[PDB]
>>> print(open('final-v4.cif').read())   # mmCIF, C-alpha atoms and all ligand atoms
data_structure
#
loop_
_atom_site.label_atom_id
_atom_site.label_comp_id
_atom_site.auth_asym_id
_atom_site.auth_seq_id
_atom_site.Cartn_x
_atom_site.Cartn_y
_atom_site.Cartn_z
CA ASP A 1 30.96 -73.45 65.15
CA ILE A 2 32.02 -76.53 67.17
CA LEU A 3 29.06 -77.43 69.39
CA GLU A 4 29.23 -75.71 72.78
CA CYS A 5 32.89 -74.74 72.42
CA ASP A 6 34.14 -71.19 72.92
CA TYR A 7 36.57 -70.20 70.15
CA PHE A 8 39.34 -69.64 72.70
CA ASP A 9 39.13 -73.30 73.73
CA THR A 10 40.12 -74.35 70.21
CA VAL A 11 43.33 -75.17 68.42
CA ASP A 12 44.12 -75.57 64.69
CA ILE A 13 44.08 -79.31 63.94
CA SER A 14 44.50 -79.20 60.17
CA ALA A 15 47.82 -81.02 60.62
CA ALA A 16 46.27 -83.85 62.64
CA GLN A 17 45.74 -87.37 61.32
CA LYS A 18 42.10 -87.82 60.33
CA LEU A 19 41.06 -91.34 61.30
CA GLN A 20 38.60 -93.81 59.79
CA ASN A 21 35.76 -93.43 62.31
CA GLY A 22 35.98 -89.69 61.64
CA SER A 23 37.82 -88.70 64.82
CA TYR A 24 41.31 -87.15 64.84
CA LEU A 25 44.72 -87.87 66.31
CA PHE A 26 46.18 -84.53 67.38
CA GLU A 27 49.73 -84.79 68.71
CA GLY A 28 48.96 -88.10 70.39
CA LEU A 29 45.50 -87.01 71.52
CA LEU A 30 42.31 -88.65 70.24
CA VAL A 31 39.89 -85.89 69.23
CA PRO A 32 36.29 -87.03 68.59
CA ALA A 33 34.61 -85.71 65.45
CA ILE A 34 31.92 -83.95 67.50
CA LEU A 35 34.67 -81.82 69.06
CA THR A 36 35.88 -80.81 65.59
CA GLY A 37 34.60 -78.39 62.97
CA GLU A 38 35.50 -76.21 60.00
CA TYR A 39 36.16 -72.52 60.56
CA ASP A 40 36.34 -69.73 58.00
CA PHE A 41 36.93 -67.07 60.61
CA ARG A 42 39.12 -66.23 63.59
CA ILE A 43 38.09 -63.91 66.39
CA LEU A 44 40.20 -60.78 66.80
CA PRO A 45 41.13 -58.60 69.82
CA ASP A 46 37.85 -56.66 69.48
CA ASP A 47 35.78 -59.87 69.46
CA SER A 48 34.81 -59.41 65.81
CA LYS A 49 35.26 -61.99 63.06
CA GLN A 50 37.83 -62.06 60.27
CA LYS A 51 38.24 -64.46 57.36
CA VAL A 52 40.82 -67.23 57.04
CA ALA A 53 41.33 -70.24 54.80
CA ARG A 54 38.66 -72.89 55.45
CA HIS A 55 40.50 -74.82 58.16
CA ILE A 56 39.63 -77.52 60.68
CA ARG A 57 39.81 -76.63 64.41
CA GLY A 58 39.41 -78.86 67.47
CA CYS A 59 38.10 -78.21 70.97
CA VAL A 60 41.05 -79.91 72.62
CA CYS A 61 40.84 -77.91 75.87
CA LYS A 62 37.84 -80.01 76.88
CA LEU A 63 39.97 -83.16 76.51
CA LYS A 64 43.32 -82.06 78.03
CA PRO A 65 44.17 -78.86 79.88
CA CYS A 66 45.35 -75.94 77.75
CA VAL A 67 47.72 -73.06 78.56
CA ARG A 68 46.82 -69.71 76.97
CA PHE A 69 50.05 -68.54 75.35
CA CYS A 70 50.73 -65.24 73.55
CA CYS A 71 53.01 -66.80 70.93
CA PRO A 72 54.43 -70.15 69.73
CA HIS A 73 55.78 -72.34 72.54
CA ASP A 74 59.44 -71.48 71.84
CA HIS A 75 59.13 -67.70 71.44
CA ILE A 76 59.93 -65.15 74.08
CA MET A 77 57.85 -62.06 74.74
CA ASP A 78 60.04 -58.98 74.51
CA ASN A 79 58.26 -55.85 75.62
CA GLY A 80 54.95 -57.03 74.20
CA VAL A 81 56.29 -58.54 70.93
CA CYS A 82 56.57 -62.21 70.05
CA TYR A 83 60.25 -62.80 69.34
CA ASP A 84 61.68 -66.11 68.05
CA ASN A 85 65.24 -65.69 69.29
CA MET A 86 65.79 -68.07 72.15
CA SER A 87 69.30 -69.48 72.04
CA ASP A 88 69.80 -73.16 72.81
CA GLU A 89 71.19 -72.00 76.15
CA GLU A 90 68.06 -70.06 77.09
CA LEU A 91 65.94 -73.00 75.97
CA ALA A 92 67.85 -75.16 78.42
CA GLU A 93 67.94 -72.79 81.41
CA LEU A 94 64.39 -71.52 81.19
CA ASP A 95 61.81 -72.58 83.79
CA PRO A 96 59.16 -74.61 81.84
CA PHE A 97 56.86 -75.04 84.82
CA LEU A 98 53.55 -73.36 85.56
CA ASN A 99 51.74 -73.43 88.87
CA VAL A 100 48.14 -74.34 88.06
CA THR A 101 45.40 -74.32 90.65
CA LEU A 102 43.05 -77.27 90.24
CA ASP A 103 39.32 -77.55 90.86
CA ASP A 104 39.84 -79.04 94.34
CA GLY A 105 41.69 -75.84 95.19
CA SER A 106 45.14 -77.46 95.31
CA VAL A 107 48.21 -76.39 93.33
CA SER A 108 50.02 -78.55 90.81
CA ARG A 109 53.33 -77.88 89.00
CA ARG A 110 52.82 -78.55 85.26
CA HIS A 111 55.28 -78.57 82.38
CA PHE A 112 53.92 -75.88 79.97
CA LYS A 113 54.50 -77.95 76.84
CA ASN A 114 54.37 -81.61 77.91
CA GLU A 115 51.52 -81.56 80.43
CA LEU A 116 49.39 -78.88 78.81
CA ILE A 117 48.28 -78.05 75.26
CA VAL A 118 49.82 -74.73 74.29
CA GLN A 119 47.42 -72.43 72.49
CA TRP A 120 49.40 -69.94 70.47
CA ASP A 121 47.34 -68.98 67.45
CA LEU A 122 44.77 -66.95 69.38
CA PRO A 123 44.71 -63.16 68.80
CA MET A 124 46.90 -61.03 71.06
CA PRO A 125 44.65 -59.63 73.81
CA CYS A 126 45.75 -56.05 72.98
CA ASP A 127 48.62 -53.83 71.96
CA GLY A 128 51.17 -52.89 74.65
CA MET A 129 50.37 -55.41 77.37
CA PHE A 130 52.10 -55.26 80.74
CA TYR A 131 53.44 -58.35 82.49
CA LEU A 132 53.17 -59.58 86.07
CA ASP A 133 56.23 -60.56 88.09
CA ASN A 134 54.68 -62.61 90.91
CA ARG A 135 57.85 -62.15 92.97
CA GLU A 136 56.43 -58.67 93.78
CA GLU A 137 53.55 -58.60 96.28
CA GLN A 138 51.21 -56.58 94.02
CA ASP A 139 51.73 -58.91 91.05
CA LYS A 140 50.37 -62.14 92.55
CA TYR A 141 47.93 -64.18 90.50
CA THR A 142 46.18 -67.54 90.32
CA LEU A 143 45.96 -69.58 87.11
CA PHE A 144 43.26 -72.23 87.13
CA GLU A 145 43.56 -75.41 85.11
CA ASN A 146 40.30 -74.56 83.36
CA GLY A 147 41.73 -71.40 81.81
CA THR A 148 40.43 -68.81 84.28
CA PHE A 149 42.99 -66.20 85.41
CA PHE A 150 42.63 -64.29 88.69
CA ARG A 151 44.62 -61.10 89.39
CA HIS A 152 44.98 -60.62 93.14
CA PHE A 153 45.77 -56.89 93.36
CA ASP A 154 42.29 -55.83 92.25
CA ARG A 155 40.75 -59.29 92.46
CA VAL A 156 39.61 -59.30 88.83
CA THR A 157 38.96 -62.46 86.81
CA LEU A 158 40.25 -62.53 83.23
CA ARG A 159 39.17 -65.01 80.57
CA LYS A 160 41.33 -66.30 77.73
CA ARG A 161 40.44 -63.34 75.53
CA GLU A 162 42.09 -61.00 78.06
CA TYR A 163 45.42 -62.52 79.05
CA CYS A 164 48.19 -64.69 77.71
CA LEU A 165 51.31 -66.29 79.14
CA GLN A 166 54.79 -66.29 77.65
CA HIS A 167 58.41 -66.99 78.44
CA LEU A 168 60.05 -63.75 79.51
CA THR A 169 63.48 -62.61 80.62
CA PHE A 170 63.64 -61.36 84.20
CA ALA A 171 66.60 -59.72 85.91
CA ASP A 172 68.11 -61.73 88.79
CA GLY A 173 69.67 -58.84 90.66
CA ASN A 174 72.74 -58.68 88.43
CA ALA A 175 72.04 -61.81 86.38
CA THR A 176 69.13 -63.01 84.23
CA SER A 177 66.61 -65.89 84.11
CA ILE A 178 63.63 -66.91 82.00
CA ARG A 179 60.27 -67.84 83.47
CA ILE A 180 56.68 -67.85 82.16
CA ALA A 181 54.77 -64.68 83.01
CA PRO A 182 51.19 -63.54 82.42
CA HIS A 183 50.48 -60.48 80.30
CA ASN A 184 47.37 -58.35 80.85
CA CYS A 185 45.84 -55.30 79.15
CA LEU A 186 46.11 -52.13 81.18
CA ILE A 187 42.89 -50.49 79.95
CA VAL A 188 41.14 -52.83 77.49
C1 LIG B 201 37.11 -72.16 86.28
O1 LIG B 201 37.53 -72.22 87.65
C2 LIG B 201 37.19 -71.03 88.40
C3 LIG B 201 37.76 -71.21 89.78
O2 LIG B 201 37.65 -72.56 90.21
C4 LIG B 201 35.66 -70.82 88.40
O3 LIG B 201 35.35 -69.57 89.03
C5 LIG B 201 35.01 -69.60 90.37
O4 LIG B 201 33.63 -70.01 90.46
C6 LIG B 201 33.15 -70.05 91.82
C7 LIG B 201 31.73 -70.59 91.78
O5 LIG B 201 31.02 -70.24 92.97
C8 LIG B 201 33.23 -68.66 92.45
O6 LIG B 201 32.78 -68.71 93.80
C9 LIG B 201 34.67 -68.15 92.40
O7 LIG B 201 34.74 -66.82 92.88
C10 LIG B 201 35.20 -68.21 90.96
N1 LIG B 201 36.60 -67.84 90.95
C11 LIG B 201 37.04 -66.93 90.08
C12 LIG B 201 38.52 -66.58 90.15
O8 LIG B 201 36.32 -66.40 89.24
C13 LIG B 201 35.14 -70.79 86.97
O9 LIG B 201 33.73 -70.71 86.98
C14 LIG B 201 35.59 -72.03 86.20
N2 LIG B 201 35.16 -71.93 84.82
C15 LIG B 201 34.42 -72.90 84.29
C16 LIG B 201 34.00 -72.75 82.83
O10 LIG B 201 34.07 -73.90 84.93
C1 LIG B 202 38.49 -94.43 66.23
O1 LIG B 202 39.50 -95.45 66.35
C2 LIG B 202 40.25 -95.36 67.59
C3 LIG B 202 41.35 -96.41 67.54
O2 LIG B 202 41.94 -96.49 66.25
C4 LIG B 202 39.31 -95.54 68.78
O3 LIG B 202 40.05 -95.52 69.99
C5 LIG B 202 38.27 -94.43 68.75
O4 LIG B 202 37.36 -94.59 69.83
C6 LIG B 202 37.51 -94.47 67.42
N1 LIG B 202 36.61 -93.33 67.33
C7 LIG B 202 35.38 -93.40 67.83
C8 LIG B 202 34.51 -92.17 67.69
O5 LIG B 202 34.95 -94.40 68.41
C1 LIG B 203 55.69 -71.40 90.76
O1 LIG B 203 55.89 -71.48 92.18
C2 LIG B 203 57.29 -71.54 92.53
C3 LIG B 203 57.41 -71.91 94.00
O2 LIG B 203 56.81 -70.93 94.83
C4 LIG B 203 57.96 -70.22 92.16
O3 LIG B 203 59.33 -70.23 92.56
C5 LIG B 203 57.85 -70.01 90.64
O4 LIG B 203 58.34 -68.72 90.30
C6 LIG B 203 56.38 -70.16 90.16
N1 LIG B 203 56.39 -70.28 88.71
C7 LIG B 203 56.13 -69.22 87.95
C8 LIG B 203 56.17 -69.45 86.45
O5 LIG B 203 55.84 -68.11 88.41
PB PB B 204 67.96 -63.73 74.16
PB PB B 205 54.81 -55.34 87.89
#
>>> encode(input="final-v4.cif", output="structure tokens", more="lines below")
Ligand SMILES: *[C@@H]1O[C@H](CO)[C@@H](O[C@@H]2O[C@H](CO)[C@@H](O)[C@H](O)[C@H]2NC(C)=O)[C@H](O)[C@H]1NC(C)=O
Ligand SMILES: *[C@@H]1O[C@H](CO)[C@@H](O)[C@H](O)[C@H]1NC(C)=O
Ligand SMILES: *[C@@H]1O[C@H](CO)[C@@H](O)[C@H](O)[C@H]1NC(C)=O
Ligand SMILES: [Pb+2]
Ligand SMILES: [Pb+2]
Amino acid sequence: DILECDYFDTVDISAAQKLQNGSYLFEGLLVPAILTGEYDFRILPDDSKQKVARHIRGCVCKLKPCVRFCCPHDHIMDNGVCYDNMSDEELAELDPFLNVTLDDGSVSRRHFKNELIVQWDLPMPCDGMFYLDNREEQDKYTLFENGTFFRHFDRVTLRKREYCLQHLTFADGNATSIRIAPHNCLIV
């Protein structure tokens, strides 16, 4: 609906402050009216449309970089399910940084929540996703600032409809740590 904006580059802005000149103030970001629009549908895993309450969405990813998350910013992915159970301790010890490859080909460390706009209301890419642990040689990947995801093993490029990132608990030998990991669909 929003001119020249893929649905997966949008965020729900119904809670944003609607200004006088018609533009919006979304979490400190000025969103021009042209980048906004009403939606009465939300794409689903199968790329079909479903109905939802007439709400206003904004194409914020064209204004500030976005991170394609699987769930709300403070949830953890537990074996493919969004789980809101992070203790204050985990929230403090978790690694909030993502390595994003920029257009000049360089790598930049970015805080997932403060330096990027977390998209969490998008449909789950599929049921039973597997996750990549880039500490293993076959699990390496590249995450571009523009949203493109590249899986090294089979050199396939995934768009925002096919992957999502989320905090996840990894085993540290005989300990445990939380880091953000990408989730892909095995057969989809
Ligand atoms: C997002 O960035 C990626 C990587 O910078 C773009 O995809 C690359 O496009 C070049 C163009 O010649 C290809 O040679 C590369 O092989 C592509 N890399 C991958 C991993 O696909 C992508 O086009 C950008 N998306 C947008 C909308 O600009
Ligand atoms: C709306 O007002 C803000 C400041 O209050 C201004 O920065 C912005 O450019 C205005 N919107 C447009 C479309 O000019
Ligand atoms: C980003 O790169 C650092 C340094 O190589 C690495 O230790 C860290 O695991 C990476 N971050 C994520 C979320 O994979
Ligand atoms: Pb826990
Ligand atoms: Pb693996």
>>> closest_residue(input="final-v4.cif", among="A:184, A:50, A:174, A:10", to="residue 126 (chain A)", atoms="all atoms listed in the file")
A:184
>>> closest_residue(input="final-v4.cif", among="A:166, A:147, A:131, A:29", to="ligand PB 205 (chain B)", atoms="only C-alpha atoms and all ligand atoms")
A:131
>>> residues_near_ligand(input="final-v4.cif", ligand="ligand LIG 201 (chain B)", cutoff="7 Å", atoms="all atoms listed in the file", output="MDAnalysis selection string")
chainID A and resid 103 144 146:150 157
>>> write_last_selection(input="final-v4.cif", atoms="C-alpha atoms", output="compact mmCIF listing (two decimals), keeping the file's coordinate frame")
# COMPACT_ATOMS: atom_id res chain seq x y z
CA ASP A 103 39.32 -77.55 90.86
CA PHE A 144 43.26 -72.23 87.13
CA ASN A 146 40.30 -74.56 83.36
CA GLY A 147 41.73 -71.40 81.81
CA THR A 148 40.43 -68.81 84.28
CA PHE A 149 42.99 -66.20 85.41
CA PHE A 150 42.63 -64.29 88.69
CA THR A 157 38.96 -62.46 86.81
>>> residues_around(input="final-v4.cif", residues="residue 167 (chain A)", least_positions_apart="6", cutoff="6 Å", atoms="only C-alpha atoms", output="short mmCIF file (atom, residue, chain, number, x, y, z; two decimals) with C-alpha atoms, keeping the file's coordinate frame")
data_model
loop_
_atom_site.label_atom_id
_atom_site.label_comp_id
_atom_site.auth_asym_id
_atom_site.auth_seq_id
_atom_site.Cartn_x
_atom_site.Cartn_y
_atom_site.Cartn_z
CA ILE A 76 59.93 -65.15 74.08
CA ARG A 179 60.27 -67.84 83.47
CA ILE A 180 56.68 -67.85 82.16
#
>>> residues_near_ligand(input="final-v4.cif", ligand="ligand LIG 203 (chain B)", cutoff="7 Å", atoms="all atoms listed in the file", output="list in words")
residues 95, 97, 98, 99, 134, 179, 180 and 181 of chain A
>>> write_last_selection(input="final-v4.cif", atoms="C-alpha atoms", output="PDB file, keeping the file's coordinate frame")
ATOM      1  CA  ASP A  95      61.810 -72.580  83.790  1.00  0.00           C
ATOM      2  CA  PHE A  97      56.860 -75.040  84.820  1.00  0.00           C
ATOM      3  CA  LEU A  98      53.550 -73.360  85.560  1.00  0.00           C
ATOM      4  CA  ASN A  99      51.740 -73.430  88.870  1.00  0.00           C
ATOM      5  CA  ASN A 134      54.680 -62.610  90.910  1.00  0.00           C
ATOM      6  CA  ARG A 179      60.270 -67.840  83.470  1.00  0.00           C
ATOM      7  CA  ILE A 180      56.680 -67.850  82.160  1.00  0.00           C
ATOM      8  CA  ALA A 181      54.770 -64.680  83.010  1.00  0.00           C
TER       9      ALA A 181
END
